[PDB]
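Just one chain follows, in the form deposited in one PDB entry, and it is written as structure tokens.
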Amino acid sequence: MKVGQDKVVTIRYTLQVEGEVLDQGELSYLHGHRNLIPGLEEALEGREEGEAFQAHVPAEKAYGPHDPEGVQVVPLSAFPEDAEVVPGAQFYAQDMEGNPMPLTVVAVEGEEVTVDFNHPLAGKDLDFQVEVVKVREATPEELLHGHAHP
């Protein structure tokens, strides 16, 4: 069974940016519904179960470019009082539609805390070693929901 539309695909992957490997894992995802970065998805389309390969995905095709307008500053008022505001910590805020917008705090300067709304991998190209371990037809319920059930 080959990777294709409406098939739940389980793969294990190693990620390298520039030359540094930054993560390794196993994931299953539903193919064809925008659940996986496009460049990866395009590499996987058609692969037969068992195939193993290397894939290079430019930033535009994975997480996009870094947007300068995505880095902003808000008072420490906004952060919770129990909370630790330290470089690296991650929080969410609320958009006008009401939906959460996540951020990673970049710097704290007294009253002013600067945060970054970009994806952490924005602007960085990615290198992958990938193993396709299983492709299965999707379940009706996965199809109504839009996601593989983990």
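Start at 1 with the first residue shown and count on from there.
- Between 134-142 and 15-23, it is 15-23 that carries the larger average Cα temperature factor according to the deposited entry.
- Remark: stretch with higher mean C-alpha B factor among 118-126 and 77-85 is 77-85.
- Ranking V57, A43, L36, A52 by Cα temperature factor from the entry places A52 first.
- Remark: of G98, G32, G64, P102, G98 shows the highest value [criterion: C-alpha B-factor in the PDB entry].
The form deposited in another entry is left out here; the points below concern that form.
- Summary of the rigid-body analysis between the shown form and the other one: the C-alpha atoms of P65 and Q129 are best fitted by the same part's superposition.
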